[PDB]
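Undergrad: The listed protein sequences derive, respectively, from chains B and A. Per the authors' numbering, the very first residue in the first sequence carries number 1; after that it's consecutive. Per the authors' numbering, the very first residue in the second sequence carries number 1; after that it's consecutive. One structure, as structure tokens, below. Some questions next.
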Amino acid sequence: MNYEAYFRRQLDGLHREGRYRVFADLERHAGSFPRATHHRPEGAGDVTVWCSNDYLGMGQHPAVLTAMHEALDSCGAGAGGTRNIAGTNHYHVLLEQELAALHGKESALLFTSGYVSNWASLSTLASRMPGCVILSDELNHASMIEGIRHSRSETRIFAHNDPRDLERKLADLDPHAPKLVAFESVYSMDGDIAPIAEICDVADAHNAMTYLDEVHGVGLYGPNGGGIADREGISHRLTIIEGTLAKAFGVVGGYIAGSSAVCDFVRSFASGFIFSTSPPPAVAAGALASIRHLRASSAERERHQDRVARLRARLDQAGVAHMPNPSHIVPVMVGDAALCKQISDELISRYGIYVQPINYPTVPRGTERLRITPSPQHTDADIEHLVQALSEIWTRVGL
Amino acid sequence: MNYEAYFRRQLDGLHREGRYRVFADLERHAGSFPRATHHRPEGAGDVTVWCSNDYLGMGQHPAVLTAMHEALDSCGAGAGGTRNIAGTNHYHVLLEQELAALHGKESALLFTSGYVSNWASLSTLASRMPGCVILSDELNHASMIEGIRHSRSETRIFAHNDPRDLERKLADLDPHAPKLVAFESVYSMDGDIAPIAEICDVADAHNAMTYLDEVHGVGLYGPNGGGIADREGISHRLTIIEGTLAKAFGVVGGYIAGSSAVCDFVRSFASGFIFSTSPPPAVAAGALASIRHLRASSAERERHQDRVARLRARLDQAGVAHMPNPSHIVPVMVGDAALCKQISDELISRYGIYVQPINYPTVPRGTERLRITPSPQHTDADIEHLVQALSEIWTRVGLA
Numbered sequence: 001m002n003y004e005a006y007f008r009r010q011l012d013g014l015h016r017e018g019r020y021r022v023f024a025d026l027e028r029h030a031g032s033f034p035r036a037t038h039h040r041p042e043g044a045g046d047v048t049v050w051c052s053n054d055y056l057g058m059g060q061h062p063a064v065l066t067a068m069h070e071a072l073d074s075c076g077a078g079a080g081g082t083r084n085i086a087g088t089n090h091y092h093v094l095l096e097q098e099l100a101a102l103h104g105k106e107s108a109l110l111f112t113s114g115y116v117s118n119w120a121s122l123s124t125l126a127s128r129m130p131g132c133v134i135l136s137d138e139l140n141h142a143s144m145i146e147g148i149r150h151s152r153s154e155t156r157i158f159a160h161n162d163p164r165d166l167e168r169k170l171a172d173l174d175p176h177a178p179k180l181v182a183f184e185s186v187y188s189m190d191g192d193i194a195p196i197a198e199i200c201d202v203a204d205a206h207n208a209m210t211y212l213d214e215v216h217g218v219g220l221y222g223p224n225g226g227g228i229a230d231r232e233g234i235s236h237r238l239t240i241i242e243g244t245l246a247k248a249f250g251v252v253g254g255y256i257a258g259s260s261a262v263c264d265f266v267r268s269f270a271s272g273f274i275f276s277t278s279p280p281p282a283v284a285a286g287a288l289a290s291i292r293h294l295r296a297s298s299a300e301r302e303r304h305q306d307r308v309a310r311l312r313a314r315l316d317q318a319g320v321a322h323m324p325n326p327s328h329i330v331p332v333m334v335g336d337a338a339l340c341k342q343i344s345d346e347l348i349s350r351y352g353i354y355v356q357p358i359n360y361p362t363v364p365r366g367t368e369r370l371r372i373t374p375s376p377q378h379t380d381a382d383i384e385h386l387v388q389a390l391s392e393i394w395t396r397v398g399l
Numbered sequence: 001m002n003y004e005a006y007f008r009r010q011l012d013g014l015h016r017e018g019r020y021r022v023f024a025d026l027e028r029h030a031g032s033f034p035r036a037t038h039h040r041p042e043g044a045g046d047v048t049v050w051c052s053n054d055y056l057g058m059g060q061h062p063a064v065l066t067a068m069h070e071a072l073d074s075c076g077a078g079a080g081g082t083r084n085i086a087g088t089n090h091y092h093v094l095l096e097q098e099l100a101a102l103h104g105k106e107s108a109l110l111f112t113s114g115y116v117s118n119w120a121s122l123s124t125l126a127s128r129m130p131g132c133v134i135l136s137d138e139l140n141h142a143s144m145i146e147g148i149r150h151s152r153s154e155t156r157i158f159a160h161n162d163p164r165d166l167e168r169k170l171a172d173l174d175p176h177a178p179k180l181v182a183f184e185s186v187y188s189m190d191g192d193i194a195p196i197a198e199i200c201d202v203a204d205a206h207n208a209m210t211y212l213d214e215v216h217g218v219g220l221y222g223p224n225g226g227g228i229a230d231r232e233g234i235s236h237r238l239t240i241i242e243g244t245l246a247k248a249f250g251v252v253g254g255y256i257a258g259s260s261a262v263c264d265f266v267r268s269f270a271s272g273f274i275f276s277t278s279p280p281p282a283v284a285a286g287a288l289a290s291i292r293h294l295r296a297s298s299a300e301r302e303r304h305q306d307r308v309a310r311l312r313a314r315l316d317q318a319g320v321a322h323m324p325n326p327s328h329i330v331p332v333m334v335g336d337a338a339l340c341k342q343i344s345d346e347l348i349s350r351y352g353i354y355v356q357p358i359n360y361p362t363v364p365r366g367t368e369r370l371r372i373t374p375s376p377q378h379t380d381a382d383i384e385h386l387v388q389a390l391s392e393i394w395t396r397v398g399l400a
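So, in structure tokens, the structure goes:
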């Protein structure tokens with residue numbers, strides 16, 4: 001057994017199949033988003049970032065930067081322990097209070113990331129309820145799939161956004177059986193929005209817990225910037241709302257929000273929460289300032305939706321196909337894996353436009369796409385450059 | 001099934017066994033470690049922190065803070081993507097190069113936490129080697145256990161730091177199957193140091209990969225501050241060295257260091273790496289300044305061991321028993337979850353001393369203890385206050 005040679009051959013497989021991926025070394029320009037320096041072997045050059053999940057540019061928001069500077073100087077670089085052992089910081093406490101209020105819940109629990117919040121929460125909740133059946137939306141994110149897998153709990157997959165199929169996969173279970181319905185508000189690849197109320201109607205008929213990942217809604221929708229459930233006024237119907245601090249809130253971290261009992265349960269039992277250093281105080285302080293700002297201000301969401309709407313209108317006039325949807329995500333459709341990569345490469349090296357190809361297995365074969373995430377900071381000129389680039393590229397594909 | 005009542009009943013179980021934990025709300029005073037403000041219902045009081053894993057106080061190091069302030073103003077609050085999609089920042093690159101160099105390896109891979117570096121790397125490595133048997137030290141950290149469990153690979157546990165038991169467990173195995181020995185350099189709860197060279201001898205004689213968690217070693221031992229393998233001159237013998245940026249380096253994050261091939265392998269396949277936002281640029285810039293500092297400077301490590309030896313000597317002199325060991329961790333043994341918790345509650349309320357009980361998952365039961373972590377910033381006066389506090393409690397509580 002040559003381990004070195006073994007790992008190398010696994011990678012040659014990925015190279016051959018065209019799925020080996022190299023990172024772009026970027027430096028976003030704080031104060032000048034969506035601009036970034038792209039570090040290429042032959043020296044720096046500027047790009048426009050078009051596939052960042054920092055959806056509102058809160059990454060450069062002055063209130064977020066100020067809170068992080070002040071937290072660094074008061075409390076230092078890091079937490080310096082787990083939440084249990086010397087790593088509970090006042091900013092963690094204010095952030096959990098703020099997240100509870102955002103979602104109208106009794107409590108919230110902060111994790112190191114969105115990924116860990118789902119992995120830790122789902123695996124701990126299901127594994128500690130013997131005979132729990134998990135009902136998982138087939139397009140749930142990797143973090144939810146891995147939490148559900150790690151639970152070892154019996155799991156039934158229901159058809160994407162289909163409450164009739166959910167009902168059919170709940171109908172034979174005893175009401176005394178623990179059940180957990182795990183789904184998202186906004187799904188990243190197609191940008192579709194879940195029928196949350198219809199799903200909660202089926203969940204309540206069967207005494208099932210509801211676990212809603214609002215990663216792609218929170219900060220972006222609702223009167224409080226709480227996400228889709230906030231928008232629909234049905235926050236109170238979910239047992240748990242999960243989210244990230246890394247996307248619309250523009251920093252890093254994950255959380256859940258729910259009853260005192262459920263948050264205390266995950267806090268007291270979840271390995272991935274207990275046995276990992278707490279997020280840096282400055283990370284907690286930035287997220288706190290980001291949430292406070294997006295609860296009080298609608299201006300960024302309004303500008304966000306205008307940029308999204310303007311891009312779609314211009315693509316429509318230019319004849320550039322994108323997948324219609326009610327969210328803020330603009331999946332520009334390519335339909336061929338090799339061509340998707342060729343277009344991504346040409347946008348970066350000829351047009352200074354940074355987008356990434358999305359190919360099988362992330363998305364079904366024939367539905368390969370460029371996932372575009374317009375921000376409040378993308379200008380009309382940025383949109384015209386991107387639309388003209390895609391239009392010129394599609395004409396050359398044509399010829 | 002009432003979910004609320006079910007959750008409360010399990011929490012009432014932790015209260016019954018005395019292992020329900022109330023978090024202390026602290027603000028560490030940057031520039032004034034080890035002081036913290038403690039927010040209680042009563043209000044705000046100053047305490048001395050004695051169980052932080054920011055072992056050298058790099059959390060308040062001015063070169064670390066300078067780099068973090070700089071990175072915020074240049075790049076913003078967060079990465080704004082995954083490493084694959086818009087979230088690779090130049091600080092991540094310089095940090096992975098620095099970690100490779102620290103451990104004398106070809107490459108390094110940055111994760112969001114030490115916990116995730118272990119869970120993701122061990123799950124991915126074992127998963128993707130058909131018929132792999134994982135041999136795990138008895139006392140491996142939760143993060144390593146969960147990585148091993150998540151792999152679904154065949155697992156053998158070997159007796160703590162026992163290369164002869166590792167030999168016996170490896171001996172009965174299909175000789176053609178891939179094999180991975182997972183262990184730590186320095187174990188947190190007893191502070192014992194692994195016989196890395198002897199474990200590596202047994203791994204080599206059976207064609208086994210070695211995976212070494214140096215979380216409580218890296219930054220604190222070795223000519224390069226690389227940890228125990230660095231100190232023993234055997235970094236080259238381990239297939240993977242794993243560590244944290246959160247403890248001696250004083251920020252947050254996890255990594256592995258190894259060949260370009262093993263790091264690229266985990267980078268390309270591990271869900272917990274691929275599908276999670278990259279660490280903030282400021283975190284990467286801080287961890288980078290921390291490592292460059294502790295590679296070039298042994299003065300904090302020397303002051304660290306000075307404070308450790310001084311506390312151990314004063315504890316012995318006052319008749320307060322601690323678990324002797326070759327590392328920097330001073331475990332004061334108690335006996336009982338409820339007593340240990342009471343001693344910990346009395347140190348805060350009567351003495352302004354913050355030390356957490358170690359309960360009945362982490363350690364065995366009848367073996368709850370006070371884990372104390374002296375840092376370079378603890379003064380002779382702080383040590384006298386701690387030791388006289390423990391002395392007074394120890395007579396009252398009959399542990400003298």
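From the three backbone atoms N, C-alpha and C, an ideal C-beta is built for every residue, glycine too.
Between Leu125/A, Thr239/A and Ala159/A, which lies nearest to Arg149/A when the distance is taken from Cα to Cα?
TA: The residue given as residue 149/A occupies position 149 in the second sequence. The candidate whose alpha carbon is nearest that of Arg149/A is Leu125/A.
Undergrad: Of the residues that make up the region 68-94 of chain A, which ones have a beta carbon closer than 7 Å to any beta carbon in chain B?
TA: From the region 68-94 of chain A, only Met68, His69, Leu72, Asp73, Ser74, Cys75, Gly76, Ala77, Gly78, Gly80, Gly81, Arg83, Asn84, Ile85, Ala86, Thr88, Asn89, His90 and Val93 have a Cβ closer than 7 Å to chain B.
Undergrad: Could you pull out every residue in the same chain whose Cβ sits closer than 6 Å to the Cβ of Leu390/B, ignoring the five residues on either side in sequence?
TA: Locating residue 390/B in the first sequence gives position 390, counting from the first residue. Here the set comprises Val320.
Undergrad: When the Cα of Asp382/B is compared with those of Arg8/B, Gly104/B and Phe33/B, which residue comes out closest?
TA: For the purposes of this step, residue 382/B is identified with residue 382 of the first sequence, where counting begins at 1. For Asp382/B, the nearest C-alpha among the options comes from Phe33/B.
Undergrad: Reducing DSSP to helix, strand and coil, say where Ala287/B ends up.
TA: The sequence position of residue 287/B within the first sequence is 287, counting from 1. Helix, per DSSP.
Undergrad: So the candidates are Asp137/B, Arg156/B and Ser113/B; which of them puts its Cα closest to the Cα of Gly131/B?
TA: Here the question's residue 131/B lines up with position 131 in the first sequence. Looking at the Cα atoms, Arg156/B is the closest of the given residues.
Undergrad: Any beta carbon from chain A within less than 8 Å of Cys340/B's own beta carbon?
TA: Reading the first sequence from its first residue, position 340 is the one you call residue 340/B. By this cut-off, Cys340/B is not an interface position.
Undergrad: Answer with buried or exposed for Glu302/B, where buried requires no fewer than 16 other C-beta atoms within 10 angstroms of its C-beta.
TA: Position 302 of the first sequence, counted from the first residue, corresponds to residue 302/B. Classification of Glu302/B: exposed, given that the 10 Å Cβ count is below 16.
Undergrad: Compute the beta-carbon to beta-carbon distance between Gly114/A and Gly254/A, rounded to the nearest angstrom, for a pair I have assumed lies under 8 Å.
TA: What you label residue 114/A is simply residue 114 of the second sequence in a count that begins at 1. What you label residue 254/A is simply residue 254 of the second sequence in a count that begins at 1. Their Cβ separation, rounded to whole angstroms, is 4 Å, which keeps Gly114/A and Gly254/A in contact under 8 Å.
Undergrad: 8 Å is my cut-off, CB to CB: does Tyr211/A come that close to chain B?
TA: Counting from 1 along the second sequence, the entry for residue 211/A is found at position 211. No - not a single Cβ of chain B is within 8 Å of the one on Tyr211/A.
Undergrad: Which bits of chain B does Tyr115/A rub up against, with CB to CB less than 9 Å?
TA: Locating residue 115/A in the second sequence gives position 115, counting from the first residue. What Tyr115/A touches in chain B: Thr112, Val116, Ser271, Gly272, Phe275, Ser276 and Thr277.
Undergrad: Taking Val283/A and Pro280/B to be in contact with their CB atoms under 8 Å, please state how far apart those CB atoms are, rounded to whole angstroms.
TA: By 1-based counting over the second sequence, the position of residue 283/A is 283. By 1-based counting over the first sequence, the position of residue 280/B is 280. That belief holds up - the Cβ atoms of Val283/A and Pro280/B are roughly 7 Å apart, short of 8 Å.
Undergrad: Are the CB atoms of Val64/A and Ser298/A within a distance shorter than 8 Å?
TA: Here residue 298/A corresponds to residue number 298 of the second sequence, with the count starting at 1. Here residue 64/A corresponds to residue number 64 of the second sequence, with the count starting at 1. Not in contact: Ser298/A and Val64/A (Cβ atoms no closer than 8 Å).
Undergrad: Considering only residues of the region 241-282 of chain A, which uninterrupted beta strand (DSSP E) runs meet the minimum length of 3 residues and lie entirely inside it, listed in chain order?
TA: Runs of the beta strand (DSSP E) inside the region 241-282 of chain A: 254-258.
Undergrad: Would you kindly work out how many angstroms separate the C-alpha atoms of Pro374/B and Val330/B, rounded to a whole number?
TA: Looking up residue 374/B in the first sequence gives position 374. Looking up residue 330/B in the first sequence gives position 330. Cα-Cα distance, rounded: 8 Å.
Undergrad: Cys200/A touches chain B at which residues, Cβ-Cβ below 9 Å?
TA: The sequence position of residue 200/A within the second sequence is 200, counting from 1. None at all; the shortest Cβ gap to chain B is about 14 Å.
Undergrad: Can you list, in chain order, the residues of the region 181-207 of chain A whose Cβ is nearer than 8 Å to any Cβ on chain B?
TA: Listed by position, the residues of the region 181-207 of chain A near chain B (Cβ gap below 8 Å) are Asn207.
Undergrad: Buried or exposed for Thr379/B, going by 16 or more other Cβ atoms inside 10 Å?
TA: Start at 1 with the first residue of the first sequence, and residue 379/B comes out as number 379. Exposed, because fewer than 16 other Cβ atoms sit within 10 Å of the Cβ of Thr379/B.
Undergrad: Counting C-beta neighbours from all protein chains within 10 Å, is the total for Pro376/B 16 or more, i.e. buried, or is it exposed?
TA: Taking the first sequence and counting its residues from 1, one reaches residue 376/B at position 376. Looking at its Cβ environment, which holds 16 or more other Cβ atoms inside 10 Å, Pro376/B is buried.
Undergrad: Cβ of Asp25/A within 8 Å of Cβ of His141/B?
TA: As a first step, residue 25/A must be located in the second sequence, where it is residue number 25. As a first step, residue 141/B must be located in the first sequence, where it is residue number 141. It is not a contact, given that the beta carbons lie outside the stated cut-off.
Undergrad: Would you verify that the beta carbon of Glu27/A is, or is not, closer than 8 Å to some beta carbon of chain B?
TA: The sequence position of residue 27/A within the second sequence is 27, counting from 1. Yes, its Cβ sits closer than 8 Å to a Cβ of chain B.
Undergrad: Taking the alpha-carbon positions, what's the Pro62/B to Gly87/A distance?
TA: The residue you call residue 62/B lines up with position 62 of the first sequence. The residue you call residue 87/A lines up with position 87 of the second sequence. Cα to Cα, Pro62/B sits roughly 20 Å from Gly87/A.
Undergrad: Quick one: residues in its chain with C-beta nearer than 6 Å to the C-beta of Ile358/B, no 5 flanking neighbours on either side, listed in chain order?
TA: Along the first sequence, one-based indexing puts residue 358/B at 358. So the list reads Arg369 and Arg371, once near-sequence residues are dropped.
Undergrad: For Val47/A, which residues in the same chain have their Cβ closer than 6 Å to its Cβ, ignoring the five residues on either side in sequence?
TA: To locate residue 47/A, count along the second sequence from 1; it is residue 47. So the qualifying residues of the chain are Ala36, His38, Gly352 and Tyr354.
Undergrad: Using a 10 Å radius around the Cβ and a threshold of 16 neighbouring Cβ atoms, would you call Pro175/B buried or exposed?
TA: For the purposes of this step, residue 175/B is identified with residue 175 of the first sequence, where counting begins at 1. With fewer than 16 Cβ atoms within 10 Å of its Cβ, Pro175/B is classed as exposed.
Undergrad: Report the three-state DSSP secondary structure of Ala86/A (helix, strand or coil).
TA: Here residue 86/A is taken as the residue at index 86 of the second sequence, counted from 1. Strand, per DSSP.
Undergrad: CB-CB under 7 Å to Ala77/A, same chain, minus the five flanking residues each way: which ones, in chain order?
TA: Taking the first residue of the second sequence as position 1, residue 77/A is located at position 77. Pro280, listed in sequence order.
Undergrad: Start and end of the beta strand (DSSP E) containing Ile329/B?
TA: Working through the first sequence from its first residue, we reach residue 329/B at position 329. Unbroken run through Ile329/B: none, as it is neither H nor E.
Undergrad: Would you kindly work out how many angstroms separate the C-alpha atoms of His92/B and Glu98/B, rounded to a whole number?
TA: As a first step, residue 92/B is located in the first sequence; it is residue number 92 there, counting from the start. As a first step, residue 98/B is located in the first sequence; it is residue number 98 there, counting from the start. One C-alpha to the other measures close to 10 Å.
Undergrad: Quick one: give me the first and last residue of the alpha helix (DSSP H) that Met144/A is part of.
TA: In the second sequence, counting from the first residue as 1, residue 144/A sits at position 144. Counting along the chain, the alpha helix (DSSP H) containing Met144/A begins and ends at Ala142 to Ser151.
Undergrad: So is residue 417/A buried or exposed if we call it buried at 16+ other beta carbons inside 10 Å?
TA: Here chain A comprises residues numbered 1 to 400, so residue 417/A is not present and cannot be evaluated.
Undergrad: Taking any Cβ of chain A, which residues in the region 40-65 of chain B have a Cβ under 8 Å from it, in chain order?
TA: Those residues of the region 40-65 of chain B that come within reach of chain A (Cβ to Cβ, closer than 8 Å) are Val49, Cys51, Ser52, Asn53, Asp54, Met58, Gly59, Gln60, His61, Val64 and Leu65.
Undergrad: Assess contact between the region 102-119 of chain B and the region 267-275 of chain B, defined as three or more Cβ pairs (one per stretch) separated by less than 8 Å. Is contact present?
TA: They touch, by the three-pair rule.
Undergrad: In whole angstroms, give me the CA-to-CA distance for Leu139/A and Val22/B.
TA: Mapped onto the second sequence, residue 139/A falls at position 139. Mapped onto the first sequence, residue 22/B falls at position 22. Their backbone Cα atoms lie some 37 Å apart in a straight line.
Undergrad: Does DSSP put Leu370/B in a helix, in a strand, or in coil?
TA: Here residue 370/B corresponds to residue number 370 of the first sequence, with the count starting at 1. Strand.
Undergrad: Does the beta carbon of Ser136/A come closer than 8 Å to any beta carbon on chain B?
TA: By one-based count along the second sequence, residue 136/A stands at place 136. By this cut-off, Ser136/A is not an interface position.
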